[PDB]
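Novice: I have a structure I would like to understand better, so I am pasting it below and will then ask my questions one at a time.
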Amino acid sequence: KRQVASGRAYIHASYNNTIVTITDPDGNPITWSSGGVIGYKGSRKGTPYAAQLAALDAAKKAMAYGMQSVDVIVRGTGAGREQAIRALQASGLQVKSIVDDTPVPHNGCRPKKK
Amino acid sequence: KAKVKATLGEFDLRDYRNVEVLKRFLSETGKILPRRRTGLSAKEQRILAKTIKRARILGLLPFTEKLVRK
Amino acid sequence: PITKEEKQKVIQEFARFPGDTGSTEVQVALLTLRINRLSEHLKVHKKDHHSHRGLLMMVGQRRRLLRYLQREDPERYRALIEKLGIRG
Amino acid sequence: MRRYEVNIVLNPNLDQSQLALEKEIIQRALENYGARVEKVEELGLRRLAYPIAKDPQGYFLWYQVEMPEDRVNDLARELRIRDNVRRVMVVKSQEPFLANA
Amino acid sequence: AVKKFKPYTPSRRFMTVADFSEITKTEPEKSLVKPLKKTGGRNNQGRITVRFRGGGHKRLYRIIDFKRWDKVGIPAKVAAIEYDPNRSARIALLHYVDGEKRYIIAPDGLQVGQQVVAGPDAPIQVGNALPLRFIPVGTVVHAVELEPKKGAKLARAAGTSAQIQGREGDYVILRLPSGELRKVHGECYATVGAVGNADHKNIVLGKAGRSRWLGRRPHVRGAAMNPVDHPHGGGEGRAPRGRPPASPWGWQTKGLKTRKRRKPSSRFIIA
RNA sequence: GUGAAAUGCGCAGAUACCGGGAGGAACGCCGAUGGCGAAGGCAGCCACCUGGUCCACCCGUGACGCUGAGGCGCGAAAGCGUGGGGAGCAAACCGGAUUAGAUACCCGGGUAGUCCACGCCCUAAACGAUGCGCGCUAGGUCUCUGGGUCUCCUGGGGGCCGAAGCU
Ligand SMILES: [Mg+2]
Ligand SMILES: [Mg+2]
Ligand SMILES: [Mg+2]
Ligand SMILES: [Mg+2]
Ligand SMILES: [Mg+2]
Ligand SMILES: [Mg+2]
Ligand SMILES: [Mg+2]
Ligand SMILES: [Mg+2]
Ligand SMILES: [Mg+2]
Ligand SMILES: [Mg+2]
Ligand SMILES: [Mg+2]
Ligand SMILES: [Mg+2]
Ligand SMILES: [Mg+2]
Ligand SMILES: [Mg+2]
Ligand SMILES: [Mg+2]
Ligand SMILES: [Mg+2]
Ligand SMILES: [Mg+2]
Ligand SMILES: [Mg+2]
Ligand SMILES: [Mg+2]
Ligand SMILES: [Mg+2]
Ligand SMILES: [Mg+2]
Ligand SMILES: [Mg+2]
Ligand SMILES: [Mg+2]
Ligand SMILES: [Mg+2]
Ligand SMILES: [Mg+2]
Ligand SMILES: [Mg+2]
Ligand SMILES: [Mg+2]
Ligand SMILES: [Mg+2]
Ligand SMILES: [Mg+2]
Ligand SMILES: [Mg+2]
Ligand SMILES: [Mg+2]
Ligand SMILES: [Mg+2]
Ligand SMILES: [Mg+2]
Ligand SMILES: [Mg+2]
Ligand SMILES: [Mg+2]
Ligand SMILES: [Mg+2]
Ligand SMILES: [Mg+2]
Ligand SMILES: [Mg+2]
Ligand SMILES: [Mg+2]
Ligand SMILES: [Mg+2]
Ligand SMILES: [Mg+2]
Ligand SMILES: [Mg+2]
Ligand SMILES: [Mg+2]
Ligand SMILES: [Mg+2]
Ligand SMILES: [Mg+2]
Ligand SMILES: [Mg+2]
Ligand SMILES: [Mg+2]
Ligand SMILES: [Mg+2]
Ligand SMILES: [Mg+2]
Ligand SMILES: [Mg+2]
Ligand SMILES: [Mg+2]
Ligand SMILES: [Mg+2]
Ligand SMILES: [Mg+2]
Ligand SMILES: [Mg+2]
Ligand SMILES: [Mg+2]
Ligand SMILES: [Mg+2]
Ligand SMILES: [Mg+2]
Ligand SMILES: [Mg+2]
Ligand SMILES: [Mg+2]
Ligand SMILES: [Mg+2]
Ligand SMILES: [Mg+2]
Ligand SMILES: [Mg+2]
Ligand SMILES: [Mg+2]
Ligand SMILES: [Mg+2]
Ligand SMILES: [Mg+2]
Ligand SMILES: [Mg+2]
Ligand SMILES: [Mg+2]
Ligand SMILES: [Mg+2]
Ligand SMILES: [Mg+2]
Ligand SMILES: [Mg+2]
Ligand SMILES: [Mg+2]
Ligand SMILES: [Mg+2]
Ligand SMILES: [Mg+2]
Ligand SMILES: [Mg+2]
Ligand SMILES: [Mg+2]
Ligand SMILES: [Mg+2]
Ligand SMILES: [Mg+2]
Ligand SMILES: [Mg+2]
Ligand SMILES: [Mg+2]
Ligand SMILES: [Mg+2]
Ligand SMILES: [Mg+2]
Ligand SMILES: [Mg+2]
Ligand SMILES: [Mg+2]
Ligand SMILES: [Mg+2]
Ligand SMILES: [Mg+2]
Ligand SMILES: [Mg+2]
Ligand SMILES: [Mg+2]
Ligand SMILES: [Mg+2]
Ligand SMILES: [Mg+2]
Ligand SMILES: [Mg+2]
Ligand SMILES: [Mg+2]
Ligand SMILES: [Mg+2]
Ligand SMILES: [Mg+2]
Ligand SMILES: [Mg+2]
Ligand SMILES: [Mg+2]
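These protein sequence lines map, in sequence, to chains A, B, C, D and E. Under this note's numbering, the final residue of the first sequence carries the number 114; numbering is consecutive throughout. Under this note's numbering, the final residue of the second sequence carries the number 184; numbering is consecutive throughout. Under this note's numbering, the final residue of the third sequence carries the number 272; numbering is consecutive throughout. Under this note's numbering, the final residue of the fourth sequence carries the number 373; numbering is consecutive throughout. Under this note's numbering, the final residue of the fifth sequence carries the number 644; numbering is consecutive throughout.
Rendered as structure tokens:
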């Protein structure tokens with residue numbers, strides 16, 4: 001919420017954008033970022049380079065709150081998933097452990113027209 | 115690699131409680147492991163699947179393990 | 185399914201001789217029994233159509249056996265119908 | 273009469289006295305529906321996968337009994353009525369299947 | 374479900390009556406101090422305060438036991454199910470073993486010979502009444518006290534029923550027949566199950582005459598009056614609402630909530 | 001959100017994350033070249049009720065068989081009646097985009113419906129586009145399921161390759 005060294009980062013990989021939410025080890029967010037926050041609009045928010053800058057920026061912001069250690073959690077498939085991850089550990093942030101939690105139904109709700 | 119059938123000793127596969135036995139079949143993520151790698155035959159593969167499902171319902175077995183470190 | 189003993193009760197009864205596990209009369213009664221269990225089952229499971237087909241086939245089979253026993257010996261037939269309170 | 277293995281999962285975090293009270297209930301119920309008991313394995317507390325009832329653990333009781341099949345349903349209903357009964361699963365017993373002999 | 378008629382007369386062609394199949398052969402209500410009287414088309418001044426009423430068909434009033442906590446533990450055998458012209462529901466005359474007798478809204482699924490009882494101890498099943506705190510969440514129920522020891526008054530209409538939604542403090546959330554959600558108190562008794570005669574919503578009165586037997590007088594559209602009698606009273610050739618649709622007294626009648634804002638009762642409801 | 005966008009949503013605090021709760025629908029992995037059914041069709045798990053079918057033993061009846069106009073029953077989806085249910089999806093409908101136009105393909109919204117009960121409707125690329133029953137005419141391989149001391153033998157299904165032959 002305000003001051004903790006350990007924590008966790010959340011990758012969210014859409015196909016038209018990528019966001020990242022760093023939170024305390026409880027769940028409550030500290031800060032976040034995304035392709036749009038970075039500067040891009042539309043398709044480019046999907047770009048892997050944007051995703052790179054998102055994780056980077058989200059990291060820098062967390063760095064200030066005293067963040068140093070984070071377990072990464074990813075959901076999505078967008079071209080930027082691993083790039084957010086790669087950009088995370090390379091951000092001097094401690095990547096304790098990357099995890100995949102991308103939801104998927106055991107057959108329930110009918111999808112869109114696609 | 116290593117067939118799951120031979121990997122274990124003699125065992126009953128209608129037993130929906132010897133989690134230690136069953137747990138070995140249940141993939142890295144709780145997915146009922148493919149027959150083409152459990153070494154099981156048609157009839158046995160079926161009875162297994164049914165008992166696993168039973169266990170999961172009793173809470174003994176998982177429905178989904180998260181993919182760790184990737 | 186009907187109790188195995190209850191099946192005997194029928195066979196032992198209708199068999200026109202000991203070990204007659206396959207007479208005409210025997211098959212007939214043996215059907216009539218299974219038919220009426222369906223009659224009631226469907227009497228409550230009205231949605232259960234697939235089983236109803238089965239019943240039609242049974243009722244049908246029971247027909248031939250009588251059609252035959254009727255033609256074969258109208259004496260044994262008269263008694264078997266009258267006994268099973270059958271044909272309405 | 274038919275053989276059944278009757279599984280029950282109970283609230284883990286509760287005293288042995290009320291836990292005895294919950295068994296007070298199950299024992300009755302069975303008899304109330306003509307359940308001639310057989311060997312029983314009160315495995316007790318256990319660590320189970322998905323946290324049911326918000327709990328990562330639960331007390332297990334595996335009975336076994338011959339009884340009138342036409343009433344196994346009503347019994348299961350009666351069994352589940354309990355709140356501290358987190359789960360019931362009566363099953364038809366079957367001849368075990370030797371695998372990888 | 375419902376008895377219908379061959380169209381040997383018009384109106385008879387649509388008219389349908391309820392099959393009183395359930396009503397266990399018992400025309401005469403339990404005279405035993407059970408019926409009273411009624412009548413009265415208007416208020417205590419001579420004035421009419423409810424339009425278009427009066428005509429009915431002379432009914433003794435069946436005395437119903439809406440509290441029922443007055444006989445805790447005492448069980449009773451349902452002697453019969455009777456017709457009650459005073460309600461949408463059917464009543465059930467039950468003989469308490471105590472020797473005493475009483476009426477009760479016959480819940481759907483109740484049948485004669487059945488035993489039944491009230492109290493906290495009572496087994497959860499149709500007919501049995503007991504404090505909500507003891508009713509297993511999720512169970513449907515009817516004849517619900519709004520406040521403890523004040524008498525049942527929720528879900529008494531035919532086929533209506535409330536369902537428990539969960540506990541919370543001394544109160545217990547439940548969905549009313551209206552779909553409304555609200556906390557009712559714990560010590561509020563309530564008899565298990567839904568109310569009887571559910572196919573009641575299907576009867577086709579069939580003719581104006583029948584409405585009269587129910588005591589309903591012909592109701593006259595304000596559009597068909599004069600400016601003096603009603604807002605809509607423009608009358609001047611099957612004309613449209615002068616706007617916007619109003620009551621005979623002039624309050625808008627399409628939308629426009631009437632329930633008081635600051636009612637302290639508000640605190641206990643949820644949508 | 002897309003080809004890119006726009007409509008839309010969001011400082012009245014949305015998206016992303018966590019906790020508690022409500023409700024409907026559909027059943028991941030097992031799952032397939034698989035299985036069952038007369039067809040339409042049938043997939044989480046449990047119990048009950050029930051149909052068809054296959055193998056063994058050589059036990060029983062003794063041709064009781066086949067087909068079957070009309071009759072009767074079943075009959076995907078959509079659709080209809082009464083009442084209930086309504087999360088997702090979504091004809092119609094509204095808006096955005098594209099275009100010469102776009103009453104469409106794409107996008108943002110969205111109703112009947114899709115779900116349940118009872119009752120109608122009775123159609124289809126209801127397709128193997130191949131009526132049912134029986135007997136007879138090389139084999140090779142693959143698989144599902146029964147019986148038997150069992151690198152195999154013998155029934156019952158599901159595919160492929162192919163004698164003769166047919167076309
Ligand atoms: Mg762009
Ligand atoms: Mg894009
Ligand atoms: Mg759409
Ligand atoms: Mg797999
Ligand atoms: Mg039966
Ligand atoms: Mg159904
Ligand atoms: Mg002859
Ligand atoms: Mg007659
Ligand atoms: Mg008759
Ligand atoms: Mg539950
Ligand atoms: Mg009479
Ligand atoms: Mg009377
Ligand atoms: Mg008195
Ligand atoms: Mg008097
Ligand atoms: Mg009075
Ligand atoms: Mg009045
Ligand atoms: Mg007066
Ligand atoms: Mg007076
Ligand atoms: Mg009150
Ligand atoms: Mg009433
Ligand atoms: Mg108080
Ligand atoms: Mg109506
Ligand atoms: Mg009436
Ligand atoms: Mg009117
Ligand atoms: Mg009028
Ligand atoms: Mg006046
Ligand atoms: Mg006047
Ligand atoms: Mg006017
Ligand atoms: Mg006038
Ligand atoms: Mg006007
Ligand atoms: Mg209006
Ligand atoms: Mg007012
Ligand atoms: Mg008010
Ligand atoms: Mg533009
Ligand atoms: Mg929108
Ligand atoms: Mg502001
Ligand atoms: Mg949650
Ligand atoms: Mg939540
Ligand atoms: Mg809550
Ligand atoms: Mg809802
Ligand atoms: Mg739910
Ligand atoms: Mg539901
Ligand atoms: Mg379904
Ligand atoms: Mg598959
Ligand atoms: Mg494969
Ligand atoms: Mg298939
Ligand atoms: Mg089917
Ligand atoms: Mg079905
Ligand atoms: Mg049944
Ligand atoms: Mg079967
Ligand atoms: Mg069979
Ligand atoms: Mg021989
Ligand atoms: Mg022979
Ligand atoms: Mg023999
Ligand atoms: Mg002979
Ligand atoms: Mg012979
Ligand atoms: Mg023939
Ligand atoms: Mg013929
Ligand atoms: Mg013809
Ligand atoms: Mg025909
Ligand atoms: Mg019909
Ligand atoms: Mg269907
Ligand atoms: Mg339909
Ligand atoms: Mg439709
Ligand atoms: Mg109409
Ligand atoms: Mg409807
Ligand atoms: Mg519902
Ligand atoms: Mg509705
Ligand atoms: Mg809906
Ligand atoms: Mg939509
Ligand atoms: Mg519109
Ligand atoms: Mg606009
Ligand atoms: Mg349009
Ligand atoms: Mg063009
Ligand atoms: Mg134009
Ligand atoms: Mg249009
Ligand atoms: Mg809609
Ligand atoms: Mg229409
Ligand atoms: Mg369904
Ligand atoms: Mg339903
Ligand atoms: Mg329903
Ligand atoms: Mg009709
Ligand atoms: Mg149809
Ligand atoms: Mg045709
Ligand atoms: Mg086809
Ligand atoms: Mg053919
Ligand atoms: Mg053929
Ligand atoms: Mg050969
Ligand atoms: Mg080969
Ligand atoms: Mg074999
Ligand atoms: Mg041999
Ligand atoms: Mg077949
Ligand atoms: Mg197949
Ligand atoms: Mg072959
Ligand atoms: Mg050739």
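Each residue gets a CB set at the ideal place from its N, CA and C atoms; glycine is no exception.
Could you tell me whether the Cβ of residue 258/D comes closer than 8 Å to any Cβ of chain B?
Specialist: There is no way to answer for residue 258/D, as the model of chain D reaches only from 273 to 373.
Novice: Answer with buried or exposed for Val-423/E, where buried requires no fewer than 16 other C-beta atoms within 10 angstroms of its C-beta.
Specialist: Exposed, since its Cβ has fewer than 16 Cβ neighbours within 10 Å.
Novice: Kindly say whether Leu-291/D, judged by its beta-carbon, lies nearer than 8 Å to any beta-carbon of chain B.
Specialist: No, its Cβ sits nowhere closer than 8 Å to a Cβ of chain B.
Novice: Leaving out the 5 sequence neighbours to the left and right, which residues in its chain are closer than 8 Å to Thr-143/B when beta-carbon positions are compared?
Specialist: Excluding positions up to five away in sequence, the list reads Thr-178, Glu-179, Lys-180, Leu-181.
Novice: Considering only the beta carbon of each residue, do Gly-566/E and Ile-537/E sit closer than 8 Å?
Specialist: Contact flag unset, no.
Novice: Select from the region 55 to 84 of chain A all residues with a C-beta closer than 7 Å to any C-beta belonging to chain B, and list them in chain order.
Specialist: Listed by position along the chain: nothing, the set is empty.
Novice: Just to check, is the beta-carbon of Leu-222/C closer than 7 Å to a non-hydrogen atom of ligand 19?
Specialist: Checking every heavy atom of ligand 19 against the Cβ of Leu-222/C, none is found closer than 7 Å.
Novice: Within 8 Å (strictly less), CB to CB, does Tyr-322/D reach chain B?
Specialist: Closer than 8 Å to some Cβ of chain B, the Cβ of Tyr-322/D qualifies, so yes.
Novice: Residues in the same chain with beta-carbon distance under 8 Å from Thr-152/B, minus the five sequence neighbours each way, listed in chain order, please.
Specialist: Cβ neighbours of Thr-152/B beyond the five flanking positions: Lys-117, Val-118, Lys-119, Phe-139, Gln-159, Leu-162.
Novice: Applying a beta-carbon distance threshold of less than 9 Å, which residues of chain B neighbour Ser-97/A?
Specialist: Under the 9 Å cutoff, chain B gives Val-182, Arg-183.
Novice: Throw me the rounded Cβ distance for the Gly-78/A and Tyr-15/A pair, which I believe falls under 8 Å.
Specialist: Indeed, because the Cβ distance is near 5 Å, the residues count as touching under 8 Å.
Novice: Which residue's Cα is closest to the Cα of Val-499/E: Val-485/E, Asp-481/E, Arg-506/E?
Specialist: Nearest option by C-alpha distance: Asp-481/E.
Novice: Counting only the same chain and skipping the five closest in sequence on each side, list residues whose C-beta sits under 6 Å from that of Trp-442/E.
Specialist: Only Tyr-562 meet the Cβ criterion.
Novice: Could you have a look at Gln-290/D and say whether DSSP puts it in helix, strand or coil?
Specialist: Of the three classes helix, strand and coil, the one that applies to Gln-290/D here is helix, per DSSP.
Novice: Give every residue of the same chain whose Cβ lies closer than 7 Å to the Cβ of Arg-200/C, excluding the five residues on either side of it in the sequence, and list them in chain order.
Specialist: If we look at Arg-200/C and ignore the five residues flanking it on each side, its Cβ neighbours are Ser-207, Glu-209.
Novice: Does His-106/A pass the burial test, meaning 16 or more other C-beta atoms within 10 Å, or should it be called exposed?
Specialist: It counts as exposed.
Novice: Tell me where the beta strand (DSSP E) around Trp-32/A begins and ends.
Specialist: First-last of the beta strand (DSSP E) with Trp-32/A: 29 to 34.
Novice: Nearest CA to the CA of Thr-216/C: which residue from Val-194/C, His-229/C, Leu-226/C?
Specialist: Nearest C-alpha to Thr-216/C: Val-194/C.
Novice: Return helix, strand or coil for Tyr-322/D, following the three-state DSSP convention.
Specialist: DSSP places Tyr-322/D in strand when its eight states are reduced to three.
Novice: Note down the Cα distance separating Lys-137/B from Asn-285/D, rounded to an integer number of angstroms.
Specialist: Distance between the alpha carbons of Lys-137/B and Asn-285/D: 26 Å.
Novice: How far does the alpha helix (DSSP H) with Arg-251/C in it extend, from its first residue to its last?
Specialist: Residues 233 to 256.
Novice: Can you tell me whether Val-601/E is buried or exposed, with buried defined as 16 or more other CB within 10 angstroms of its CB?
Specialist: Counting Cβ neighbours within 10 Å, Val-601/E comes out exposed, since fewer than 16 surround it.
Novice: Ignoring anything shorter than 4 residues, give me the alpha helix (DSSP H) runs that lie fully in the region 615 to 639 of chain E, in order along the chain.
Specialist: The region 615 to 639 of chain E contains no whole alpha helix (DSSP H) run of 4 or more residues.
Novice: For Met-361/D, would you say it is in contact with chain B, using Cβ-to-Cβ distances shorter than 8 Å as the test?
Specialist: Taking Cβ atoms only, chain B reaches closer than 8 Å to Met-361/D, which makes this a yes.
Novice: Pick out every residue whose C-beta is nearer than 5 Å to a heavy atom of ligand 28: which are they, in chain order?
Specialist: Residues flagged by the Cβ proximity filter: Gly-607/E, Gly-615/E.
Novice: Please state if the CB of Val-312/D and the CB of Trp-334/D are separated by a distance shorter than 8 Å.
Specialist: Cβ atoms of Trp-334/D and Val-312/D: closer than 8 Å.
Novice: What are the partner residues of residue 357/E, as DSSP defines its beta bridges?
Specialist: Outside the modelled stretch of chain E, which goes from 374 to 644, sits residue 357/E, for which no answer is possible.
Novice: Along chain B, in chain order, which residues have C-beta atoms closer than 7 Å to that of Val-281/D?
Specialist: The answer, in chain order, is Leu-172, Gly-173.
Novice: For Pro-328/D and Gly-316/D, what's the separation of their Cα atoms in angstroms?
Specialist: When rounded, the distance between both Cα atoms is 14 Å.
Novice: Check whether the region 216 to 232 of chain C touches the region 249 to 256 of chain C, counting contact only when three or more Cβ pairs, one atom from each stretch, lie closer than 8 Å.
Specialist: No: fewer than three Cβ pairs fall under 8 Å.
Novice: Determine the burial state of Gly-203/C: buried for a count of at least 16 other Cβ atoms within 10 Å of its Cβ, exposed for fewer.
Specialist: Under this definition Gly-203/C is an exposed residue.
Novice: Flag this pair as touching only if the region 355 to 371 of chain D and the region 122 to 138 of chain B have three or more C-beta atom pairs under 8 Å; answer yes or no.
Specialist: In short, these stretches touch, since the Cβ pair count reaches three.
Novice: What did DSSP end up calling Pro-176/B once you bin it into helix, strand or coil?
Specialist: Residue state, collapsed to three classes: coil.
Novice: Is any non-hydrogen atom of ligand 5 found closer than 7 Å to the C-beta of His-573/E, if you look at the structure I gave you?
Specialist: No, Cβ of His-573/E sits at least 7 Å from all heavy atoms of ligand 5.
Novice: Roughly how many angstroms lie between the CA atoms of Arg-475/E and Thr-399/E, to the nearest whole one?
Specialist: Going from the Cα of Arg-475/E to the Cα of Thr-399/E covers about 15 Å.
Novice: Relative to the C-alpha of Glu-134/B, which residue among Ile-166/B, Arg-183/B, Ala-156/B is closest?
Specialist: Here the closest residue by C-alpha is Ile-166/B.
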